[PDB]
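K.L.:
Below is the structure I would like to discuss, written out as structure tokens.
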4 protein chains.
Amino acid sequence: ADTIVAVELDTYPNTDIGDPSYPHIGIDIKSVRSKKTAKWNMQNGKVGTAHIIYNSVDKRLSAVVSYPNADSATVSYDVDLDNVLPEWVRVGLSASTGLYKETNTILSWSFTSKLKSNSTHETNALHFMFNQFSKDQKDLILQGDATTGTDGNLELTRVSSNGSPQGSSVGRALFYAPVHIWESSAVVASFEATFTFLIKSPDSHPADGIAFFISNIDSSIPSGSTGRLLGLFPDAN
Amino acid sequence: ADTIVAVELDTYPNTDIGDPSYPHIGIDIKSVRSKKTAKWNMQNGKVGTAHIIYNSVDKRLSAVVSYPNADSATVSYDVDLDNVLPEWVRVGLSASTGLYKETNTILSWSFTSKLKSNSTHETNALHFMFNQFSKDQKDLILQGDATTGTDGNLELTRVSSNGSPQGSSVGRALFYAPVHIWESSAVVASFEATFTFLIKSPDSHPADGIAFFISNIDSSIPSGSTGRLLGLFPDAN
Amino acid sequence: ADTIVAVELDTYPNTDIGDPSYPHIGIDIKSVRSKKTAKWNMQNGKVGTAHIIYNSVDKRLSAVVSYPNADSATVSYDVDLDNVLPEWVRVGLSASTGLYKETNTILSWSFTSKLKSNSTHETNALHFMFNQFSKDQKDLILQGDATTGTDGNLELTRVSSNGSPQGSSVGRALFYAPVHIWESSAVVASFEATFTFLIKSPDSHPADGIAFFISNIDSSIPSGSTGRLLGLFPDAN
Amino acid sequence: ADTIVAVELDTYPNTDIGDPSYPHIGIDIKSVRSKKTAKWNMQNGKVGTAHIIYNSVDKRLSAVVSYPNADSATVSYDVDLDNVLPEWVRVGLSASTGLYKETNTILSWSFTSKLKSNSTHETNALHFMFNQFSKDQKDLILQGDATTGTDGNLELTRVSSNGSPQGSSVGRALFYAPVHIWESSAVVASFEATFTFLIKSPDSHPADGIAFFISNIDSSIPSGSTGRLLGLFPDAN
Ligand SMILES: [Ca+2]
Ligand SMILES: [Ca+2]
Ligand SMILES: [Ca+2]
Ligand SMILES: [Ca+2]
Ligand SMILES: [Mn+2]
Ligand SMILES: [Mn+2]
Ligand SMILES: [Mn+2]
Ligand SMILES: [Mn+2]
Ligand SMILES: [Xe]
Ligand SMILES: [Xe]
Ligand SMILES: [Xe]
Ligand SMILES: [Xe]
Ligand SMILES: [Xe]
Ligand SMILES: [Xe]
Ligand SMILES: [Xe]
Ligand SMILES: [Xe]
Ligand SMILES: [Xe]
Ligand SMILES: [Xe]
Ligand SMILES: [Xe]
Ligand SMILES: [Xe]
Ligand SMILES: [Xe]
Ligand SMILES: [Xe]
Ligand SMILES: [Xe]
Ligand SMILES: [Xe]
Ligand SMILES: [Xe]
Ligand SMILES: [Xe]
Ligand SMILES: [Xe]
Ligand SMILES: [Xe]
């Protein structure tokens, strides 16, 4: 199977697989069962922003999620990503719906990684920022139901013409270029990611959520990963 | 054939195909016969830096090349790149040797492109910076004789164990991710590139040069483009 | 008097001092009488974005102004800023009202300057980005009627409690740190600025406009520069 | 007295004030007696690089110092800087000599701070990068013996014509613009700093070291802070 590190914005409490009984943000290291969670006061139909940060010195993966005019939610987990992920990875966004549904609309997404070596000319860096997604967005690998270019957004899961989110949908978008997250002369490696999302559901119980993830470069949507598994994991182990 | 836009650092005067009778920097639009050139006081064995800039408002492709402690050389050409290149491109470095030879060593390479739309959330951007190249540099597509990881550099053309550059060599490196250089809601599109290079030759007459180029995404080394054609063009038309 | 280089968003046609008979964007070099203008379809009450770009190789000051969903306006003028401005400058935003009035609200402002030398460690850079202005914004020098922190914006000219713009108002905001726009070993110097603004007026004839400007470091609002002179110039010469 | 947060590169072991018995890197929170240190294999006459990182989510101030071809040294300390520093600060470099001496030469210095709010237009940022310092470097406040423009470097402490470092010297350089390190709607605040330095001494026992620091905006060199106090503190409490 793939190797996954993810920050999940989990809109549906599956308490049977260890979610808390509320929408939450979580850090997922090789399992959908988050290593750490925090309560998230998800706002149906509002545009939210998630920020994810990490560096190889502190070895702490942290995320903050917020909406305008509201208090944020934050979660952190100590993990050495060099011990979890391969040296080259892809980074992406995933979302899913199941029997419950919601739009999983991404309005912007940015990412920066930096590897600073001990050579005085120190830095290798990659940065991208999408504030509009085009119908044929060649620097993204879209998987599953993900589409780009509808109102200039990235729709990770299926939405009908009329704006209605569909159930049992899964979709991901990965940045085209592999990302180097370790180098042998690196003295500091860091990354940050930000994305803005609009999750709306005609229903009181939206599902299932959106994740920012980092994976093996050849990562693909696991069989049966609609719903609670967020398009990230083959099972709930 | 491919579509090429390039800034050439041409170390060998091929006066039969319109080079001036000295090493020069040139702007090449769909032809090796530069649309504009400037004299370049190339310094054998010294590390030089080239800077290339362009934006869609001014529609002027400009480059400056310099060495420490020396006056720079600059060349500019008015060209609307949106009328030359496709909407998606790859960007890269190329170099070649022929019967005359030189190392075509790249010590660093950075690139930024920005498309700013009329939406208040305006910007799509891509930036990369390499200050060290690793043996398996997965975010570069190496073509021809190009190799990475020898002393942490990108050697565009063949060099033997002993540091000796080889003749009749051609090599390119393209960044892995396609680059979007036009979008329909863009009000300004710009790019800049910088690279540092070390061209050294045991010979009085080094050849052939290094170019930064932008091409169709599927660009490949043209048959017979060693030597004066810089790994960019199939012929000298 | 001060030395001013500015891009003006001129909302009021003063045809007696050479404005065209419509709202326009202009490049002003040491005079309010723009060296170059373009028609601007200013939208009362809508948030617009202005982008300004320049580099020392091309020596062309260009600006683009746009609103969402609308075609942009652009203006360019060939000028060597090193021959106009001192080596150190401040950069800022200015606006004014006169007998006609409008809000001159700045919602965001960013600026980047870069000087790249011929030393392989090439770059001196300054960048700032404001997306919210705080009541006591210590890295801005506010002049005249400019205030910060009202709804997190920079109000360049006086607005009453009720949101009503006041006539005969002038205000500027300059970034606190001087900016180096030339250095003796520089081979390329460039800058870009972006700001977002909301100009609204209860009146059919708003006035007078907003400018991004660059000036001597000690620049101050000229006596009698309310109205058509945009807080930039002492007279209309 | 001022409020100081600093990362020290302490070249001289003053074991009487709690330094370890070797050159070390340290995190100093309101005291010269570092809260955390790590051994540093300082290399006399070689150019080293220090990197400092912090964010308000993790509340961990970390630094890494390295030389080319050598293993790095790193130190971290959990501290909420919002509880130590005022909301606006200046950032700078300090160094000193005492009865023992060394050059305290800064060859480059860069700094980025970011405050990201919960408003979807999230970011306030400041970034500067110096790779050459000019004789009259108007965006730096030089204090004590600090000078700029000698070989394009920042010499924090006194050096004679002949390159000889002088004893009993203290000097600092602060960036001109205040820096906002907290805002009330901020959900993440972060900073990073990097500088490159050349510490050389004709003596076996160089002293005293270089620090990157953050202080009240009006920070000044404390009386009697030559030597072990690094130009940062009035005493060794
Ligand atoms: Ca769930
Ligand atoms: Ca040639
Ligand atoms: Ca006017
Ligand atoms: Ca000490
Ligand atoms: Mn969960
Ligand atoms: Mn040529
Ligand atoms: Mn005008
Ligand atoms: Mn110490
Ligand atoms: Xe992640
Ligand atoms: Xe974060
Ligand atoms: Xe990572
Ligand atoms: Xe990453
Ligand atoms: Xe990383
Ligand atoms: Xe190019
Ligand atoms: Xe350039
Ligand atoms: Xe381009
Ligand atoms: Xe490009
Ligand atoms: Xe471009
Ligand atoms: Xe300007
Ligand atoms: Xe522009
Ligand atoms: Xe400028
Ligand atoms: Xe400028
Ligand atoms: Xe500039
Ligand atoms: Xe610090
Ligand atoms: Xe660090
Ligand atoms: Xe800080
Ligand atoms: Xe800071
Ligand atoms: Xe900070």
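Ordering of the structure tokens sets the chain letters (A, B, ...); residue numbers start at 1 within each chain; ligands are numbered from 1 in the order shown.
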If you take only C-alpha atoms and a cut-off of 12 Å, which residues of chain D touch chain C, and what are their nearest atom pairs and distances in Å to one decimal, in chain and number order, as a Markdown table?

P.N.:
```
| residue | atom | partner | partner_atom | distance |
| --- | --- | --- | --- | --- |
| D:87 | CA | C:138 | CA | 10.4 |
| D:88 | CA | C:138 | CA | 7.7 |
| D:89 | CA | C:138 | CA | 9.8 |
| D:90 | CA | C:139 | CA | 10.7 |
| D:107 | CA | C:121 | CA | 9.5 |
| D:108 | CA | C:121 | CA | 8.6 |
| D:109 | CA | C:124 | CA | 9.5 |
| D:110 | CA | C:125 | CA | 8.9 |
| D:111 | CA | C:126 | CA | 9.8 |
| D:112 | CA | C:127 | CA | 9.0 |
| D:113 | CA | C:128 | CA | 9.5 |
| D:114 | CA | C:129 | CA | 9.1 |
| D:115 | CA | C:130 | CA | 9.7 |
| D:116 | CA | C:131 | CA | 9.2 |
| D:117 | CA | C:132 | CA | 8.5 |
| D:118 | CA | C:132 | CA | 10.8 |
| D:119 | CA | C:132 | CA | 8.9 |
| D:120 | CA | C:131 | CA | 9.7 |
| D:121 | CA | C:131 | CA | 6.3 |
| D:122 | CA | C:131 | CA | 6.5 |
| D:123 | CA | C:131 | CA | 5.7 |
| D:124 | CA | C:130 | CA | 4.7 |
| D:125 | CA | C:129 | CA | 5.0 |
| D:126 | CA | C:128 | CA | 4.5 |
| D:127 | CA | C:127 | CA | 5.0 |
| D:128 | CA | C:126 | CA | 4.5 |
| D:129 | CA | C:125 | CA | 5.0 |
| D:130 | CA | C:124 | CA | 4.7 |
| D:131 | CA | C:124 | CA | 5.7 |
| D:132 | CA | C:124 | CA | 6.9 |
| D:133 | CA | C:124 | CA | 8.9 |
| D:134 | CA | C:183 | CA | 8.2 |
| D:135 | CA | C:183 | CA | 10.9 |
| D:136 | CA | C:88 | CA | 10.0 |
| D:137 | CA | C:180 | CA | 8.6 |
| D:138 | CA | C:178 | CA | 6.5 |
| D:139 | CA | C:178 | CA | 5.7 |
| D:140 | CA | C:177 | CA | 8.8 |
| D:141 | CA | C:177 | CA | 10.6 |
| D:149 | CA | C:183 | CA | 11.8 |
| D:151 | CA | C:119 | CA | 11.5 |
| D:152 | CA | C:185 | CA | 10.1 |
| D:174 | CA | C:177 | CA | 11.6 |
| D:175 | CA | C:177 | CA | 8.4 |
| D:176 | CA | C:177 | CA | 5.7 |
| D:177 | CA | C:177 | CA | 5.1 |
| D:178 | CA | C:139 | CA | 5.7 |
| D:179 | CA | C:139 | CA | 7.2 |
| D:180 | CA | C:138 | CA | 8.1 |
| D:181 | CA | C:138 | CA | 11.8 |
| D:182 | CA | C:134 | CA | 11.0 |
| D:183 | CA | C:134 | CA | 8.2 |
| D:184 | CA | C:134 | CA | 9.3 |
| D:185 | CA | C:132 | CA | 9.5 |
| D:186 | CA | C:132 | CA | 10.3 |
| D:196 | CA | C:121 | CA | 11.2 |
| D:217 | CA | C:138 | CA | 9.9 |
```

K.L.:
Please find the residues contacting ligand 11 at a distance of at most 7 Å between atoms, with only C-alpha atoms and all ligand atoms counted, and report them as a PyMOL selection string.

P.N.:
chain A and resi 54+81+181+190-191

K.L.:
Using only C-alpha atoms, determine which residues lie at most 9 Å from residue 19 (chain B), disregarding the query and same-chain residues fewer than 3 positions distant; provide the list as a list in words.

P.N.:
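Everything that qualifies: residues 10, 12, 13, 14, 15, 16, 22, 23, 24, 33, 34 and 37 of chain B.
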
K.L.:
Would you output that residue set with N, CA, C and O atoms, as a PDB file, in the first residue's frame?

P.N.:
```pdb
ATOM      1  N   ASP B  10      26.681  31.741 -25.940  1.00  0.00           N
ATOM      2  CA  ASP B  10      27.245  31.056 -27.063  1.00  0.00           C
ATOM      3  C   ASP B  10      28.732  31.281 -26.999  1.00  0.00           C
ATOM      4  O   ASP B  10      29.190  32.446 -27.105  1.00  0.00           O
ATOM      5  N   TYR B  12      31.139  29.898 -28.860  1.00  0.00           N
ATOM      6  CA  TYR B  12      31.909  29.657 -30.076  1.00  0.00           C
ATOM      7  C   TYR B  12      31.287  30.420 -31.228  1.00  0.00           C
ATOM      8  O   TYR B  12      30.122  30.199 -31.549  1.00  0.00           O
ATOM      9  N   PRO B  13      32.065  31.320 -31.859  1.00  0.00           N
ATOM     10  CA  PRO B  13      31.504  32.095 -32.980  1.00  0.00           C
ATOM     11  C   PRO B  13      31.418  31.283 -34.254  1.00  0.00           C
ATOM     12  O   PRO B  13      32.442  31.008 -34.872  1.00  0.00           O
ATOM     13  N   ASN B  14      30.208  30.894 -34.637  1.00  0.00           N
ATOM     14  CA  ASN B  14      29.997  30.281 -35.931  1.00  0.00           C
ATOM     15  C   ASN B  14      29.495  31.386 -36.829  1.00  0.00           C
ATOM     16  O   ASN B  14      28.295  31.636 -36.897  1.00  0.00           O
ATOM     17  N   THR B  15      30.412  32.028 -37.512  1.00  0.00           N
ATOM     18  CA  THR B  15      30.073  33.233 -38.245  1.00  0.00           C
ATOM     19  C   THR B  15      29.292  32.879 -39.507  1.00  0.00           C
ATOM     20  O   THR B  15      28.634  33.738 -40.091  1.00  0.00           O
ATOM     21  N   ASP B  16      29.348  31.611 -39.909  1.00  0.00           N
ATOM     22  CA  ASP B  16      28.665  31.150 -41.094  1.00  0.00           C
ATOM     23  C   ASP B  16      27.176  31.094 -40.870  1.00  0.00           C
ATOM     24  O   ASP B  16      26.436  31.210 -41.835  1.00  0.00           O
ATOM     25  N   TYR B  22      32.732  36.744 -31.849  1.00  0.00           N
ATOM     26  CA  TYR B  22      33.153  36.678 -30.461  1.00  0.00           C
ATOM     27  C   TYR B  22      32.119  35.890 -29.674  1.00  0.00           C
ATOM     28  O   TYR B  22      30.962  35.747 -30.125  1.00  0.00           O
ATOM     29  N   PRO B  23      32.513  35.372 -28.493  1.00  0.00           N
ATOM     30  CA  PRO B  23      31.501  34.789 -27.593  1.00  0.00           C
ATOM     31  C   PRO B  23      30.413  35.831 -27.316  1.00  0.00           C
ATOM     32  O   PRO B  23      30.708  37.001 -27.261  1.00  0.00           O
ATOM     33  N   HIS B  24      29.178  35.395 -27.185  1.00  0.00           N
ATOM     34  CA  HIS B  24      28.082  36.359 -27.117  1.00  0.00           C
ATOM     35  C   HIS B  24      26.935  35.742 -26.397  1.00  0.00           C
ATOM     36  O   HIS B  24      26.848  34.533 -26.262  1.00  0.00           O
ATOM     37  N   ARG B  33      19.731  31.331 -34.989  1.00  0.00           N
ATOM     38  CA  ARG B  33      20.241  32.619 -35.431  1.00  0.00           C
ATOM     39  C   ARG B  33      19.570  33.671 -34.593  1.00  0.00           C
ATOM     40  O   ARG B  33      18.421  34.052 -34.876  1.00  0.00           O
ATOM     41  N   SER B  34      20.286  34.125 -33.566  1.00  0.00           N
ATOM     42  CA  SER B  34      19.746  34.994 -32.537  1.00  0.00           C
ATOM     43  C   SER B  34      19.138  36.229 -33.157  1.00  0.00           C
ATOM     44  O   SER B  34      19.669  36.811 -34.114  1.00  0.00           O
ATOM     45  N   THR B  37      21.908  39.930 -30.262  1.00  0.00           N
ATOM     46  CA  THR B  37      23.093  39.461 -29.508  1.00  0.00           C
ATOM     47  C   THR B  37      23.815  40.605 -28.848  1.00  0.00           C
ATOM     48  O   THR B  37      23.656  41.787 -29.222  1.00  0.00           O
TER      49      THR B  37
END
```

K.L.:
Please identify which residues in region 71-119 of chain C DSSP calls strand (DSSP E or B) from the backbone, and express them as a list in words.

P.N.:
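Selection result, strand (DSSP E or B) within region 71-119 of chain C: residues 73, 74, 75, 76, 77, 78, 88, 89, 90, 91, 92, 93, 94, 95, 96, 105, 106, 107, 108, 109, 110, 111, 112, 113, 114, 115, 116 and 117 of chain C.
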
K.L.:
Give me the residues near residue 98 (chain C) as a VMD selection string, where near means some atom within 7 Å (using only C-alpha atoms) and where sequence neighbours in that chain fewer than 4 positions away do not count.

P.N.:
chain C and resid 167 to 169 207 to 208 226 to 227

K.L.:
Suppose you want the space between CA of residue 189 (chain C) and CA of residue 48 (chain B); what is it in Å?

P.N.:
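Separating CA of residue 189 (chain C) from CA of residue 48 (chain B) is a distance of 17.9 Å.
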
K.L.:
What residues of the protein or nucleic acid chains come within 12 Å of ligand 9 when you use only C-alpha atoms and all ligand atoms? Reply as a PyMOL selection string.

P.N.:
chain A and resi 3-9+25-30+34+50-55+60-64+75-77+79-81+84-85+89-94+111+181+190-194+210-215+232

K.L.:
So how many Å separate CA of residue 105 (chain A) and CA of residue 159 (chain A), to one decimal?

P.N.:
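That distance, rounded to one decimal, is 9.3 Å.
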
K.L.:
Using only C-alpha atoms, which residue out of D:146, D:42, D:220, D:21 lies closest to residue 200 (chain D)?

P.N.:
D:42
